[PDB]
Structure formats: C-alpha cells, structure tokens
Amino acid sequence: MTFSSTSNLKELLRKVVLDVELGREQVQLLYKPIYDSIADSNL
Amino acid sequence: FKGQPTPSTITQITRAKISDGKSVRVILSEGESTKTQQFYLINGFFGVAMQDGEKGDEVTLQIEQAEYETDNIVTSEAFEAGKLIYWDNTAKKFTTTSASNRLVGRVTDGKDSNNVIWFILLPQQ
Amino acid sequence: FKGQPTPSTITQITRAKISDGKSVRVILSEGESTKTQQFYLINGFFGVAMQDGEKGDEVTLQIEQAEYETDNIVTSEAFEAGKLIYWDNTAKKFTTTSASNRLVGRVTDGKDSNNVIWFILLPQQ
Amino acid sequence: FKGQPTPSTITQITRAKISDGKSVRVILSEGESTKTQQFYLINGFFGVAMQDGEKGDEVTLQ
Amino acid sequence: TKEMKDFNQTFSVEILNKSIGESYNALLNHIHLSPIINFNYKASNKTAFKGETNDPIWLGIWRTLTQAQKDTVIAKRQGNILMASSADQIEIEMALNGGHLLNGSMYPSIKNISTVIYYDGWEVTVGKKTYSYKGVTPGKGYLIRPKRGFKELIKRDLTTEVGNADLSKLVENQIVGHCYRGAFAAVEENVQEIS
Amino acid sequence: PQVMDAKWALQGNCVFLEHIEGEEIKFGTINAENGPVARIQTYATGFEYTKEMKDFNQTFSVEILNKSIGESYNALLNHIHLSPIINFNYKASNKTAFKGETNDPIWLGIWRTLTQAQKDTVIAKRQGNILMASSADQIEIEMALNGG
Amino acid sequence: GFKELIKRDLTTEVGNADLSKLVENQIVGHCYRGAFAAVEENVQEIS
C-alpha cells in the first residue's frame, strides 16, 4: 500500500501553501518636485 | 513585478467586452475632414462626427443606432417615412436610391419644406 | 382559488416585450462545447458564451452588440479598421473572406502585432 | 452503510501485492493425494506439500 | 457581473479601486514627465558626454554632469533637479557623493543638486493588449529648473462614479474614473545629458 | 506534505486612455497570479556487514559507519541546497563578465568585478547581500572586501 | 527565494539480519528534505 496510490486523493492529504511574496509594486508620484500645482475647478 | 524573490505565473482572466460600442474612434486619412455633428463615412464606419477633425486628426463617430436629424439629403429625390435611406459617398449625401450605396438608416419623417428628415441609423452592415 | 367562494372572471392583459434581449439561452448539441468568454455560433445565435458547457448543456450567449476584443482570427488575413469580419464555423475563427460565412461584426481597431482586434458585434441578421 | 442518508462514491485505491508468495494453496484432483513434507506437482505448481491431502482436499505447497 | 461579486470571495471592489489608483498615479507621471523625455532638444540644451577621457572610472559622469551644471548657469537656467533612469543610479549616486581619489586627483562631490529622481517607465497588460509609458532612456539625464516653467493644470483630480447597471441581467454598476488635467512645460528649464 | 501548494492572488488592470468626446470607455481586466510549487524528497543509504566482520576485525565497529553516515549526510545537505546555484544555466541577464580586466592591474582588480556585480544586482532589484565563491579566490576576495 | 523544507532530518534504524547466514543487522539512514531555489536571486560573477 504505497503512498503514490493515495497521492491523487488530495482531499485526504494535508494542504500547506508555499507562502511567498506576491502582488505588484506601488506606483509613486515622482513629478511633484518639478511641477508647481495650480488647482481650480473652472479651468 | 520586477525583481520579485520567486517566479510567479500570470493567469489572465479572459473577458470579451471592451466597450459598449456606441461610438467608434477613427483616424482621418489625407483626403478626409470632419465638422462637428455631421455625418461621415470614415474607415467603414458611418456616424455622427463628434469632433472638428482635419486630415490626420483623431475623430469620433457616433453609431448609437439612435434617431438623427440631417439636412444632407439629395433634394431631387422624395424621402418618405419608412423608405430605406442610403449614403452616396461620392456625393457625400443621403439618397434613397440603393445602387451600390451603403445602407445607413430608415426614414422616420418625410422630406419637409426645408429638406430636413429624421431617420434611425441602421447597424454597420 | 379553486374553492372560490364567489364566481369571478379573469381578464388577461397582453404585453409583448419579456426581456431586454441582450443575451440568449441556448442548448448545446452533441458536437458543441463552450469555454467562458469565447465566441461561438450555437443554434443560429452568435455571441460571447458566458458559461462553460458540454454536450446537452445550457449556456448564455451575450449578444449586446458591444465592442469586443478577440484574437481568434485567421492570422494570414489582414484585419484593418472598418473591414467586415465573418465567422468561419468550420475553422471556428473570424475571417474577412465572407463566402458562406456568417457576418458577425466590423473591425474598430486593426490587427496589432499579437493578432488582437477590436470589433463591434453585428445584430445577427 | 445500508441506512445511508446520502449517496456516496467509493474510490478503491489499488495494491498489487497480496501475500509474500512463499507458498500456494491448491486443490487435489481425483487421481492425486499428498503426504506431509513431500514433493508433489499439483496443478502445475511444484513444491513441498505441507498437509496430508486426500483427493478433493486442501493443501499448501511450499 | 453580480454573480462574480458574490460568489468569488477573493474578488472585491477594493482590487478595482486599487488598480484605478495605480493606473491613475502611473499616468500622472506620464503627463508630467513625458514632455521632458519626448521634447526635441536642440544643441543649446544638449550637453554631450563630456567625460569621455580615455580609461576613466564610470564616475566620469561627474565630468559630464559638472558641465551640464555649468551650461545651465550660463544662460541662467541653474538646473536644480536631475531626472535620469534607475539604471544609472549607482554611477550618479557615486558622483553626487564624495568620489574617491583617482590618479591623485581628488574630485569634489557635486553640489547644488537638491533632488534626483529615477523615472523608470510603467506597463500593464489589460486584456489581450499591453499599454506602457516609456521611462527615461538609460544613459540620459535632465537637469531641471523646477516650478517656474513647469505648471500642473488640475481641473478635476479624479472622480470615480458608479453608473449604468443592467437590472435585467444582474450586472453590477459600471465604475468609471475620469480626470480633467494637463501640463505646461518649457525648453528654457531643461538641459539634456548623455550618460 | 510531499508537495506544497502554491499561493494565489488577484489583481486588476486599467490604463486611463484619453477621452475625446464620445470615445466609449475601454473597460479594465483582472488577472490571477499564482506562486511556485515545492516538493520534498527522500534521501537514504545504508550498510550491510556480515557478523564475521564485527567479531574478527578489531578495527571495524559501527562508529566508523555512523561517522560515515554523518559525513555523507552533511555533504548531501550543502550539495542539495547549493548545487541548484552552481548547476543553473545562467542567462545573459544573470551573468556579469570579468569587468575589471583593464590593463596591468593588481589582482585585487576583482574589486572592479565585484563592484560591477553589486551594480548589476541593484539595477535589477535582486540586491545580493551574500557572496559565494571557491576557496581558490579567497585571498583576492578578502582584499576586495577590505581597504585596497 | 531560498526555502529549506525539513520533515525528518535524519533517522538511522537497524533492520533485517539473516540469522541463517549470521549476517548482522542492516543499518539504513534516511531523511525527508526539500529545497526551493530560483534564478531571481543570483548573479554569476567570473573571476
């Protein structure tokens, strides 16, 4: 009674997730030191 | 993500609908110019030009299949309610005579005194 | 009721429109199967199948006439903007060849490097 | 079990080997009989008969 | 679709709002920096690789960046902010620091550079198509006089609004974000550098 | 378990294209990102010696075998964990050349090579805090890591 | 990106012995281990 017989039945076996870094890099605002900001809704 | 510690596979969840399709963006060729709110046949799409666009500009055509008002008919012909209305691209005018003209709509109001008609824009066949 | 205590008369009131008609329920035949968010021609209706299916299964085809993104085209042909595209059911791919193929749309954005095209689904004439 | 409220699907996991196979049980024919701890060719197997088998009896061949 | 919001537990509007902010922020860098990268600089605004020499350490950008500072003081531009690619971060950070002795020559640290920003591009694969904003080309830099010839026109910052659902199909509200924004730039503020 | 399952996550996509007047808005898209998969393996070995060897051979004893189990076990460990690093088929992105040949340098001019490697591991964000090398280059590396 | 998986570090267990041949117990050591490595972490330097 090898383990390979029961390898397919994943519901029986313990599940442990390989924890790892996932996601996407945050986007920073770089332009602001160069630019003078003027804000008016009626432009 | 650049420089991540471990390889990661990107599964793209497919979807089909990109936009509601009421209007189409087209680029004018070297013999095409558009005025705002006028009917043009540019790159196989017939609709209402939403921008004043010269040759090489980027112009939007409305193809909503809504009801439209146009004075650009050929005045010799008689446009009556229900008559299929075609677009003569050589003369740049609407015309009831099919010939080889594109089918563009169906008239809802007949040719009034000022040669104004109302029609419903047919799909882009 | 059935055991109604007093006789009464029912007067039906008629209405024709039942649903907006943006999508159609279809039943898959033996030779047909569907993947989610892919174009298919099942029982005379061409649209985006919203559900996976198999033989004898029931799925919904989106027929909104929206603008749609797809690269399931014959790569040999050039799909420029404005050119009509037809569904080759034998090849199961969009083609500009026409012939007996069903007319299904018109290209809004031409063929890019990755054979992607944006087209407007036509209203299933 | 018999009074099971819900259907259940049996998934039989296979294993090939059943026994170590150092000895094989056999059936004696009418023209055959065995004495304990002696050599016989019973049903195509040759080995030491570990039981006094009369015809139609049960023995084990080592 | 409404089913997708309900049954797909991982899915939520927070992911969509997060992507709106990421795409929004990435594009703000594009409007406000692409004029600097894309502008057709003339010979007056271009400073060639003045380092050159023969067998210099790659902190011979110090020679090139020094002339660019000089070429801005001449014509009174007086560049204060340097914009380059992230590839040249190591070499630029060396020159802006106290570069070590070389052939007996002690090269002083470059001064009057208040800020250095490394604008790499940005890219996303939406649907079957890839959209990207080009960053600063590696081997190039731009001394910038800030806030005088560069003005950011902000009519609407950002307005996400949920819109046309379809009750008949049980499809959730379409969420649409839009802006009314622009930029003003100049050639009188910039001096291009090579390496 | 024998095999470890991968992590999963969802991300959205959108671009903020230009809007002219009608310009029917182009909707975004999501994607699913999944992590890597790892599995554990079984490494084993042993011995088989006759009873005669135990009794008649004065020098023989089980400690010599137990000692050899430890040496071959630790030798496996650093091999199992480091041989992926050595045996990998590095691409042009991961290969940094000598970059420091120059002409007539002291062979602490590997300093130019290590400096380039730190630059390349920082251009790409995989900054390398630890070096691995053969002991044949111990002297040059030690000079480079001090005040040349 | 370098992760070590350790289930059973090492176990030496003595086993079968042919008394019919006067053979001592087989001794076998075994361990359950795994390792995960990637190209995202490394740069190959030369000299």
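This entry, as listed in the PDB, derives from cryo-EM and reports a resolution of 3.28 Å.

A. How the structure looks around the overall build of chain B. When you go through chain B residue by residue, the secondary structure sums to zero helices and 11 strands. In sequence order, the secondary structure elements of chain B are arranged as β-β-β-β-β-β-β-β-β-β-β. For a compact globule of 125 residues, the expected C-alpha radius of gyration is about 14 Å, and chain B comes in at 20 Å, more than 25% above that figure. Dimensions of chain B along its principal axes, counting C-alpha atoms only, are 75 × 30 × 25 Å. Relative to its 125 residues, chain B shows a buried fraction of 42%. Partitioning the intrachain contacts of chain B with sequence separation of at least 6 by distance along the chain shows that 43% fall at a separation of at least 24.

B. The arrangement of the interface of chain C and chain B in detail. The partner chain B presents 19 residues to the 22 residues of chain C that form the contact. Summing the contributions of chain C and of chain B, the shared interface buries around 1,600 Å²; its carbon and sulfur component is 56%. Counting the surface chain C buries against chain B, the share from its top three residues, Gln-37, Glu-67 and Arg-106 of chain C, is 32%. Scanning the region where chain C abuts chain B turns up two salt bridges. Linking chain C with chain B are nine residue pairs in polar contact.

C. Expanded view of the relation of the copies chain C and chain B. Between chain C and chain B, the superposition needs a rotation of 121° and an axial shift of 0.5 Å, giving an RMSD of 0.7 Å. The superposition operator between the copies reduces to a three-fold rotation axis. Considering only C-alpha atoms, the residue of chain C closest to the rotation axis is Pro-123 of chain C, which sits at 4.3 Å. A distinct binding surface is used by each copy, with only 14% of the interface residues of chain C retained as interface residues in chain B.

D. A look at the interface of chain F and chain G. At the junction of the two partners, chain F supplies 41 residues and chain G supplies 32 residues. Counting the surface lost from both chain F and chain G, the interface buries some 3,300 Å², and carbon and sulfur atoms represent 65% of this. Where chain F touches chain G, the interface holds one salt bridge. Connecting chain F to chain G are 16 residue pairs in polar contact. Listed by contribution, the elements that provide at least two residues to the side of chain F that touches chain G are β4 (38–39), β5 (41–47), α2 (62–87), β6 (95–96) and α3 (110–123) of chain F. With nine residues, the single largest contributor to the side of chain F that touches chain G is α2 of chain F. In this sheet, strand β2 (residues 27–36) of chain G lies alongside β5 of chain F in antiparallel orientation, the contact comprising seven bridges. By the bridge assignment for β2 of chain G, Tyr-43 of chain F is matched with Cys-31 of chain G.

E. Spotlight on the pattern of salt bridges. All names here are of chain E. Following the criterion strictly, the structure yields 27 salt bridges over all chains and no others. Of the charged contacts in the structure, one is a salt bridge between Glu-172 and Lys-2, with a shortest N-O distance of 3.2 Å. With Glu-172 in the loop between β7 (151–162) and β8 (175–184) and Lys-2 in helix α1 (residues 2–7), this residue pair connects regions lying 170 residues apart in the sequence. Given the relative accessible area of 33%, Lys-2 is considered partly exposed.

F. Geometry of a negative patch on the surface. Judged by side-chain charge, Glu-67, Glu-69, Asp-71, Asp-109 and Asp-112 of chain B come together as a negatively charged surface patch. Along the chain, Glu-67 of chain B falls in strand β7 (residues 67–70).

G. Focus on the sheet that holds strand β8 (residues 84–88) of chain B. All names here are of chain B. Strand order in this open sheet of five strands is β7-β11-β10-β8-β9, and the pairing throughout is antiparallel. Among the strands making up the open sheet, the edge pair consists of β7 and β9 (93–95). Ignoring which end each strand starts from, the neighbouring axes of this sheet average 45° apart. As paired elements, β8 and β9 share three bridges and run antiparallel to each other. Within β9, the position partnered with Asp-88 by the bridge is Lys-93.

Thresholds applied
- Residues numbered from 1 in each chain as written, not as in the entry; some residues may be left out.
- Chains lettered and ligands numbered in written order.
- Part of a larger assembly, values for the part shown.
- Heavy atoms only, no water.
- Helix = DSSP H or I, 4+ residues; strand = E, 2+ residues; numbered from the N terminus.
- Rg over C-alpha atoms; globule rule 2.2 N^0.38 Å.
- Buried < 20%, exposed > 50% of the residue type's maximum accessible area, 1.4 Å probe, protein only.
- Contact = heavy atoms within 4.5 Å.
- Buried area = accessible area lost by both parts, 1.4 Å probe.
- Salt bridge = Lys/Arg side-chain N within 4 Å of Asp/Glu carboxyl O.
- Polar contact = N/O pair within 3.5 Å; in protein donor to acceptor, adjacent residues only side chain to side chain.
- Least-squares fit on C-alpha atoms.
- Pairing = 2+ DSSP bridges.
- Patch = residues over 30% accessible without salt bridge, like charges linked within 9 Å, V, L, I, M, F, W, Y side chains within 5 Å.
- Areas by Shrake-Rupley, 256 points an atom, 1.4 Å probe, with all protein chains shown as cover.
- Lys, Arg positive; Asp, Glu negative; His and termini not counted.
- Charge placed at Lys NZ, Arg CZ, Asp CG, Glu CD.
- Axes fitted to C-alpha atoms, helices over the stretch in contact; angles between N-to-C directions.

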